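Taken one at a time, structure 1 and structure 2 that follow are two forms of one protein chain, written as structure tokens.
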Structure 1
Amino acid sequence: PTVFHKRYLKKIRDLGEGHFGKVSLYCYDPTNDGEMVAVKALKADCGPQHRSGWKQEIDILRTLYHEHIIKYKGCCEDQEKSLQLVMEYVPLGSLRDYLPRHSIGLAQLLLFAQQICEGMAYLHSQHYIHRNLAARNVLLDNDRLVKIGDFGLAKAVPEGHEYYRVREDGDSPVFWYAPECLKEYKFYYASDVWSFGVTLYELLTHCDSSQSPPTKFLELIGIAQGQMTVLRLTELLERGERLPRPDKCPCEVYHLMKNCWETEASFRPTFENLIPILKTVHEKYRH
């Protein structure tokens, strides 16, 4: 029932450096005696009705619940032609910022991966694709539980269809994307698994920038971060080239990543399949 009024939100601090756009930590103290929340300011000068249509769409995300998916709390308009999106505050933040500055063993990294899969399996079973699964978008709470964030690309998959058709050739996170996404503009549940493979790669490199997928992929092609084309990447992937085995990364775990990187969407493992395979692997490496 909670509706959020701009007159009871006191700004504490910016969040995420700049990597999530303009997100800030607020205190919500209405009665003046208060909960902590993150607020995303969203430019929405697109005509009043288009703006409402986006609110309706965002609002539907609130009907999702899973402990490894961030909780979107509400979407208010500032009619200043912008939308204010209120969500739970996830205090340790992004794995991309967290993993470099903390000692985290193989068992714990595998535990993160199983949590992500569990949140993604739920999402898939609710008939949604995420389209933006990367380590930057996986947040960590205080008990080191994963919460998947940034649903700014998420989409309901239409009844009777096994893919969503991406329109628009815009800013794409291409280095996390399956070839069917890159070439044909089709996004399947199986395409989110490809992105998982890349996220798994990320964790096991400890989100080391120099081993990062854009860095690595540009090197395997040859040319620099500026001459880069989707076409050049697609061809490399078809020829069967892949991101390399990360340092100290077990061969069964790498094979996992490679299974997520099968060219043919249909032969990739499902999240629901990946959960137990990751439970089993984590058991070998715990304690």
Structure 2
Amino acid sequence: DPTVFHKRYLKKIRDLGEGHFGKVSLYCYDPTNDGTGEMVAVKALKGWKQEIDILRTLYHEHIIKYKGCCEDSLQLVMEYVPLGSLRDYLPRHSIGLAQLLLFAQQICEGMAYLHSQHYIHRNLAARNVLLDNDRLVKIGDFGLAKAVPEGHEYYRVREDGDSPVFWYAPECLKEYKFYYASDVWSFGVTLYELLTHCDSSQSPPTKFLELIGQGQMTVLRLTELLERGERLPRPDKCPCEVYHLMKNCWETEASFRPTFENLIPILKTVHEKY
């Protein structure tokens, strides 16, 4: 059985990031001592194992590949995505706009599948969308991902620690209810990030805080500003056609947002424009 990795052949290289509930690091796995073995990403895990059992059930060219784990409180071993998050990639190479859209499209394709499998990612951001060799997109960090019980469209989570609250839809901040349609929202927020090339002095949190005037009175107020109808600016050089698409993902009422199913053909249509 290949999905069992032996702690005795994982020599580490460097840390990679902080994931949700786990630190992540690059490892070289050589169980045959042939002198090269294989390259993998390992997430040191702290119901805290849920990332594992979800990712294990998913097979898709835009979701990060589950390779197996590691035991002695345990450790997720994933396919290695060489180029890291777009959050770091974008602000450091200039990219075409058509290219920015083709990435958006790909995240929809993965997300559509995720949802078709009855999961919510709960964490979709430029941070957590990784690039491989051919510039193919892979959705990562399933730290917050959740099973949606069959029969229902949402799922209630009372947060313990940090939440990407600036990527979340009202229903989530307001009521702690996450629908499939909440991932669509976040996808909208991501799409903005893409088109701001993740410039940090353009990021969602810096923008939303300007709109107000920090503190723990923020989430109440941010709910109130999203609820009054205010949104992120139209990124510079971002076309109307696109900014509308985002705005649609940002419908206040979840039942009004488009689905990932629908987003796919619409994005192919628009990527084709340029």
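Numbers given to residues start at 1 and step along the sequence of structure 1. Whichever C-alpha set is largest while still superposing within 1.5 Å between the two forms counts as the rigid core.
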Problem set entry | Core-aligned CA displacement of residue 16 at least 2 Å between structure 1 and structure 2 | yes
Problem set entry | Rigid core superposed: residue 160 CA moves 2 Å or more between structure 1 and structure 2 | no
Problem set entry | C-alpha of residue 143 moved at least 2 Å between structure 1 and structure 2 on rigid core | no
Problem set entry | Core-referenced Cα shift (Å), residue 60, between structure 1 and structure 2 | 4.0
Problem set entry | Per-residue CA shift, residue 278 (Å; core superposed between structure 1 and structure 2) | 0.3
